[PDB]
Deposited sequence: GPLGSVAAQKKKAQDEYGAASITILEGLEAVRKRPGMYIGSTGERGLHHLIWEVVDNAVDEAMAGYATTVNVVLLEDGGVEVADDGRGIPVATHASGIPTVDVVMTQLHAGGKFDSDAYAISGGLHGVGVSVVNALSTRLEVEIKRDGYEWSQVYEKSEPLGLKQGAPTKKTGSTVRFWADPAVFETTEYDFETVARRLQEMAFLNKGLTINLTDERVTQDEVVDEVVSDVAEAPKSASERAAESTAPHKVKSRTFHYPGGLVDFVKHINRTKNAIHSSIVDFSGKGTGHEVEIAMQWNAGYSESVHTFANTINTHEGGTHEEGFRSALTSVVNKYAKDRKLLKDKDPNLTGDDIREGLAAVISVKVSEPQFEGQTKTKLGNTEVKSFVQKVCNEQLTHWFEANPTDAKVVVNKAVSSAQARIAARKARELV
């Protein structure tokens, strides 16, 4: 009997617990680690706004994860809603301070869902906040607030979010250290003044497993890192910026004797690992710049076909970092940046700055074009040899 009785409306966090995949992709290792990503993003968002300097993540013994920032602290006062803003932010969907650019000019967070999902997919969530001249505490048991508590007075500011992933939701709740270590590192690469500390408290003087991430050389350091094991082909690491009405691009790149593509893209510090408009404008601009150089330096005949992106990006270590005041991310996992205006923006920046670099550095330009030409001709030889 398909009718009005079959239509079911979901309320609050019901929808998150019924369809975790809509918010975290899946309940696998990727989904589990996304919980950490949601809590850390909010702390990073505070650093980007220029309030936090430090983000400390701790993998606790019990499987709990702690994330502490020295930012402004989650608004704790009573909302217009009639409940303390901590609860609005922690238990409601499409609720937050990132629907404008007033509180956070450039922020990874934008849907007002992130940390609410973490509450929804956790057995427990604790929060310790410093602001309004006090130390504030709140416990959320099976997503429900047990009571906001006004504690010790303090001039200090910041937030500390603690959460315990539901073993009913996730199959495996053991977080992976090096997965977390890798992501926190890239956040510090995209945030110059930011310091991220990581501690693994899970199982006479004893030192606990820890890492510190501070990179004053930003993206140029990120590239040096990518090209440690890989043997760099040219001395000068490409580095440039681009500014526009509503957006900004930051690029750094270097080639190596490798045969793989090591291109990482970011939008408001978010790892847009499935790419997007920013990556697309970059690839587009790169292919056209190299192809013009090779044709102009007669490294390819006029009858010779143009070098494909695959030939050029082979052995390339590149980082594309965009700061967008109004991003368009593909779902809550934000695997892609979709902003159509950002493709034409990145493209003109890469076109004008890569054309500049290739003409300014003739030594370095020669090598990377020689590689592209040699890798292109190799694929034309391998296809013919196979017949």
Map the modelled residues onto the deposited sequence and report the uncovered stretches in sequence order. 1 to 15, 219 to 246, 431 to 432
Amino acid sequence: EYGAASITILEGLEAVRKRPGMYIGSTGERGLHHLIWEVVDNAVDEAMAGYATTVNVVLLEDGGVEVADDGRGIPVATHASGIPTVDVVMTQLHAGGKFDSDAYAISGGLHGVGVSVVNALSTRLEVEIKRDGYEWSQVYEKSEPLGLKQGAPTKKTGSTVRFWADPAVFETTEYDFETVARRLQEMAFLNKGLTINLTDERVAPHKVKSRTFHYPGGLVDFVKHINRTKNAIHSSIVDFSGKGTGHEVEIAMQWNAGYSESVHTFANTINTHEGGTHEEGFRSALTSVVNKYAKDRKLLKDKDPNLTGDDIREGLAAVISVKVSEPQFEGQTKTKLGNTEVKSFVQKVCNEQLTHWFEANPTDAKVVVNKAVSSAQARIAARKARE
From here on, numbers count along this sequence of modelled residues.
When the C-alpha temperature factors are averaged for each of 304 to 312 and 80 to 88, which stretch ends up with the higher value in the entry? 304 to 312
Tell me which stretch has the larger mean Cα B-factor in this entry, 210 to 218 or 112 to 120. 210 to 218
Highest-ranked of 33, 323, 334, 348 once sorted by CA temperature factor in the record: 348
Which has the highest CA B-factor per the PDB entry: 42, 355, 26, 328? 355
Could you look up the Cα B-factor of residue 56 in the entry and say which third of the chain it sits in: lowest, middle or highest? lowest
Residue 362's Cα B-factor: lowest, middle or highest third of the chain? highest
Among modelled residues of the same chain, the CA temperature factor third for residue 151: middle
Tertile call for residue 178 (CA temperature factor, within chain, third-based) is the middle
Residue 378 - which third its CA temperature factor falls in, relative to the rest of the chain: highest
